[PDB]
Engineer: 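Would you mind keeping the following structure in view while I ask a few things?
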Amino acid sequence: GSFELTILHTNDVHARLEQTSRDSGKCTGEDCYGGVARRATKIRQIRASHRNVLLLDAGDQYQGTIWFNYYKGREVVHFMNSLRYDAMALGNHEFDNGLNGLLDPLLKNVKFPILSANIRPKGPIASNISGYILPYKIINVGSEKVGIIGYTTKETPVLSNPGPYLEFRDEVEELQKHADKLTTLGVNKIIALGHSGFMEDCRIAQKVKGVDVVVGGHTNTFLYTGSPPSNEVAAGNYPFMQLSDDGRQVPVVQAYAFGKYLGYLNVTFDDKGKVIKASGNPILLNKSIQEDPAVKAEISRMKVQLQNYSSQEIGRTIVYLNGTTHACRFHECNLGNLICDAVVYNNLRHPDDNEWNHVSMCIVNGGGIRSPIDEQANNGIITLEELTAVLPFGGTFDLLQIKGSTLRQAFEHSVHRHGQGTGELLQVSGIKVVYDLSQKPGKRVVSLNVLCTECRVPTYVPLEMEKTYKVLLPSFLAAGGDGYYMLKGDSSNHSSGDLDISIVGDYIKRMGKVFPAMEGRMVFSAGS
Amino acid sequence: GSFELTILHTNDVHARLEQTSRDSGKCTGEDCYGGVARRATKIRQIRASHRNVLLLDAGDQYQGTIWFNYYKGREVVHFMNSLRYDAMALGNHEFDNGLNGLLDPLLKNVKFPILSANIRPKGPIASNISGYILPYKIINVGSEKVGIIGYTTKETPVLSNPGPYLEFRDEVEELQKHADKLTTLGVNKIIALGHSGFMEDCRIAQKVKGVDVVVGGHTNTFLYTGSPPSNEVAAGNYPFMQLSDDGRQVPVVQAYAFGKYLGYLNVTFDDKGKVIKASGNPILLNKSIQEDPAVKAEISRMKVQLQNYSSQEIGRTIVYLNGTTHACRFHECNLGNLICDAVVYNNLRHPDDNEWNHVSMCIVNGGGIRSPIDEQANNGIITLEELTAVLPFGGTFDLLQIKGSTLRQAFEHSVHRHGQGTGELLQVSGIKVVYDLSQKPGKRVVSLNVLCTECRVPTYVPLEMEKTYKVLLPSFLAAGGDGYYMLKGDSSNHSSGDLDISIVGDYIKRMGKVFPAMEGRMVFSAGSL
Ligand SMILES: *[C@@H]1O[C@H](CO)[C@@H](O[C@@H]2O[C@H](CO)[C@@H](O[C@@H]3O[C@H](CO)[C@@H](O)[C@H](O)[C@@H]3O)[C@H](O)[C@H]2NC(C)=O)[C@H](O)[C@H]1NC(C)=O
Ligand SMILES: *[C@@H]1O[C@H](CO)[C@@H](O[C@@H]2O[C@H](CO)[C@@H](O[C@@H]3O[C@H](CO)[C@@H](O)[C@H](O)[C@@H]3O)[C@H](O)[C@H]2NC(C)=O)[C@H](O)[C@H]1NC(C)=O
Ligand SMILES: *[C@@H]1O[C@H](CO)[C@@H](O)[C@H](O)[C@H]1NC(C)=O
Ligand SMILES: [Ca+2]
Ligand SMILES: [Ca+2]
Ligand SMILES: [Zn+2]
Ligand SMILES: [Zn+2]
Ligand SMILES: [Zn+2]
Ligand SMILES: [Zn+2]
């Protein structure tokens, strides 16, 4: 006989609770995409027309919009419960608020298993986190059993805040143990569900004996068979058919990010649990699919709370925060210094092997700073509304691995048309740059010194052209914005981080009073 | 028909709850002083043998030791209630934790009136908190009535945290209004009790018609008639007899600080409320006075509660905090940068007229940095144990008004003996200094730039030699320590600030994780080792 299973899947939704623009920002109202209300409609229609359906999430529901800033995962619990997900693997961002912020609210209130086979808890954490996170789950689907093994990127201690009591083991090694276990228990249909990126997903498909399907995330990979429907370009067919070492074709799927698509894969197994066929395509959640009215009403109710929250005092500034174009696009601006200082602070993580932290530096282009904050306007009170005026686009600050020569090329771009009022000029933290604008464009960087990481006391050292560095930068620049083609990231050198206004808001909340100065992080030499 | 009144008084006790050393630090030796238990004994003995007694405090019970850091004024409430103070005037340090930290615990739980006549509220929160404070109180003493008018220094908004909605008015102007009110209400005996310093106390005695006695504080002034009993040097007789405008002698008293002395003034009034005699002397609270057992027992329990404060994690460092002599006495050290950043942060108020803050700069000599903190030692966890190793002396960071030329002279002193390993080298916040150590001692400063205050965005500007600046500095340097005679403070240019470990601990707790860098705050021209 055969057994047809429909796998619906999401990954890297990243707090897009409401429908979004085409590019996963704020929707204006005419052409909108995604959101949980529209996903609910499509999920319900498929469940009504398809016999055997699993709905899986491959991680990174946490982090991305003010929904996550305020509800802190309560929004994930709520709508993943109401949509009746069958399983979720943990992603790196589920650790952003530490283990306490993962335990409460997500682990204690979801109605479906949370899976990650390659996490090992230590210390007082041990006892029950072992009960809230499972390596795998056997799920009854019709008259059959389907085993789902979870996994989470080994990069999590560097990307997030899992703490000292969590070790992240090799995905292939750990998945192979639980695949053998499932097989020994008689389960012949095994899904690997996890959050380590497309390259690792294909390694799992290739090397883990007994894995039939891999459902991944982390790299926002878009796969599509045929001509795709929106502006995402396919990295390969859907599903991506990876040849295993033992000769089977193993379908690998991911479904981009931000809830724009619902993954949709039809897998036919024979009676021995071997995949005979796997076909489908991610469903674009566009305007043709109605927003479920009951979900929409819950979103609306919760939005009024979010609007009240956005007007609350986070902290105060006792200085003018000069985010005017005349400052941040022409010279050192104290608001840019504050932003990149906040970004560095948010990325302080468990320092391994001879570094006080894995990253010491941040850049933000003046064109990304969209407003000043006037301390005279309202007693210097900073709310999320003021921060949204400065950073209105809902982007993130990401981590980029970059050679010294490329970073120097970026600082030449920073001033190659200085004076024109365009947005290139880089505001910085952990960098000292000296320019000579009297030289020809492309030869204006006099010197670059950076905070060492491989040292016990941070101190400024000359940039080395052949050394590789980590730098924090806005997602806009990591996409090549403002002509920064050399800062464009890919899966091999780039990691997507936290919401910009959440980063800045958290820092202001901690400082209570802010007073950033112009301190000479960039210097314009008078030349000869 | 005379009326004899005994005035017992304290001022600037500054959180010396337990008995202290002779210099008002930790008592380790055989000779201890002060403390509330010893004060209680003497107050009780005087009340038992003297007929008409008032016990007054002229402010600044708040701030000075970890007792205040932990109990946050509950220790003031507890023992001032237990010792049965009759009135207290607010000092600048009672605003250290803001109006909320004054309301709770002090204003809501004292059993005696809190006085300050020259405060004027401007908003609803600052209004209902002032509703707990009175300009004056009439107190029944025997068969007589004594009016007490409070006052608080006008520098409180720069020295402490009252916020922008509490304004401090002129003392003489406001006190004359309430003296006139008391007079019309039939009160002919008036004490001015307040916290503005000895110079202002004498001005009040001289100019406010109807004031009979002034009980002051803020300047830690020691007065004594005859040979004094300890090492404090008297600035004048006790009481100081100030000639008033109307031709009478008005006794002016203060009682040093830190609870070492109990003020003791016997005043005789005639039947019209005129002082016809005033005499006494502050009582040294030394070993000859026993510590009250009940207060001593409560102190001993609170010492045990304080252990929580001393062993709790304040925050963590993820970098080595290099407080070794080899760093902080020879070059920029990241721990010195953190200390002075903490000090500036503690002295932030609100944009006042034309400046974003009244002070932007801090200095600390490397010799005041007494230990590193090793981030490898215990996962970088910082407690009071580690901070006390860095700052073991219980001093403060103070505010000094200084001319640009004098500040530059201090930076020449900073390197006049560089390389010999003594403690002069200045670590800084809000200053960029460049030195050339190959030049002769006294001519090594290449340039000095400082963060402007008179600006909307702080930025570095050249130091101006004839301009007057504010700088934060250790009490050790304000006493001329390490040869810094030009940083010596006096009443006209210097204000004592908060406990050093309280400043640094507060900043570390706020930051949570600290990671100070060497960032080039000082630069040595590239021509020496
Ligand atoms: C925020 O930053 C902008 C950009 O720096 C500031 O505007 C600029 O302010 C400078 C002075 O700080 C002006 O330069 C001076 O202009 C005067 C003429 O009034 C001239 O006499 C001087 O020689 C000097 O060149 C500059 O013109 C001005 N630019 C613009 C476009 O307004 C702004 O002041 C900052 N905001 C705050 C609140 O500090
Ligand atoms: C805290 O600060 C002190 C003082 O700067 C640091 O000690 C000094 O560290 C430097 C750099 O390692 C040493 O210079 C180097 O010494 C090595 C070791 O022999 C030698 O190969 C080179 O000639 C080079 O000059 C310097 O000797 C040393 N000074 C002393 C008095 O020990 C210290 O490293 C800092 N602590 C931390 C944890 O960073
Ligand atoms: C908005 O938030 C404030 C503070 O959290 C709260 O006092 C207020 O009731 C909230 N508004 C509503 C409509 O609940
Ligand atoms: Ca199988
Ligand atoms: Ca009188
Ligand atoms: Zn993601
Ligand atoms: Zn991820
Ligand atoms: Zn005082
Ligand atoms: Zn005072």
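Atoms within each ligand, like the ligands themselves, are counted from 1 in listed order. In what follows, every chain begins at residue 1, and chains take the letters A, B, ... in the order their sequences are listed. Heavy-atom basis, side chains included; hydrogens, waters and symmetry copies ignored.
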Engineer: From atom 22 (C) of ligand 1, is the closest protein heavy-atom distance below 4.0 Å?
Structural biologist: no
Engineer: Please give me the protein atoms (N, O or S only) lying under 2.8 Å from the Zn ion (ligand 7), ordered by chain and number.
Structural biologist: A:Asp60 OD2, A:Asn92 OD1, A:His195 NE2, A:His218 ND1
Engineer: Would you say that A:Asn92 contacts A:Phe168 through its side chain, given a criterion of any heavy-atom pair below 4.5 Å between the two side chains?
Structural biologist: no
Engineer: Determine whether A:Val172 and A:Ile204 make a side-chain contact, defined as any pair of heavy atoms from C-beta on separated by less than 4.5 Å.
Structural biologist: yes
Engineer: Tell me which part of A:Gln312 gets within contact of ligand 3: side chain, backbone, both or neither, using heavy atoms under 4.0 Å.
Structural biologist: side chain
Engineer: Using a 4.0 Å cutoff against the non-hydrogen atoms of A:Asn308, which atoms of ligand 3 qualify?
Structural biologist: 1 (C), 2 (O), 3 (C), 8 (C), 10 (C), 11 (N), 12 (C)
Engineer: Where the side chain of A:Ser310 meets the backbone of A:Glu385, is there a donor-acceptor pair that is under 3.5 Å apart?
Structural biologist: no
Engineer: Quick test: of every protein heavy atom, which one is nearest to atom 29 (N) of ligand 1, and how far off is it to 0.1 Å?
Structural biologist: A:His326 CB, 4.9 Å
Engineer: Going by heavy atoms in the side chains, are A:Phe397 and A:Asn347 under 4.5 Å from each other?
Structural biologist: no
Engineer: Yes or no, since that's all I need: does a protein heavy atom fall within a distance strictly under 4.0 Å of atom 4 (C) of ligand 3?
Structural biologist: yes
Engineer: Test the B:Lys467-B:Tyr469 pair against the cation-pi criterion, namely NZ or CZ under 6.0 angstrom from the six-membered ring centroid and within 45° of the ring axis.
Structural biologist: yes
Engineer: Do A:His418 and A:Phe524 touch side chain to side chain, with heavy atoms closer than 4.5 Å?
Structural biologist: yes
Engineer: Among all protein non-hydrogen atoms, which one is nearest to atom 3 (C) of ligand 1, and what is the separation to 0.1 Å?
Structural biologist: A:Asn322 ND2, 3.6 Å
Engineer: Going by a strict under-4.0 Å cutoff (protein heavy atoms only), does atom 7 (O) of ligand 3 have a neighbour on the protein?
Structural biologist: no
Engineer: Identify, for atom 4 (C) of ligand 1, the protein heavy atom at the shortest distance, and state residue, atom and that distance.
Structural biologist: A:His331 NE2, 3.5 Å
Engineer: Quick check on A:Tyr309: does its OH atom have over 12 non-hydrogen neighbours (other residues, nucleotides or ligands) under 6.0 Å away?
Structural biologist: yes
Engineer: Do the ring centers of A:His93 and A:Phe68 come within less than 6.0 Å of each other?
Structural biologist: no
Engineer: About how many Å separate CG of A:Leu17 and CD of A:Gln61, when rounded to the nearest 0.5 Å?
Structural biologist: 8.0 Å
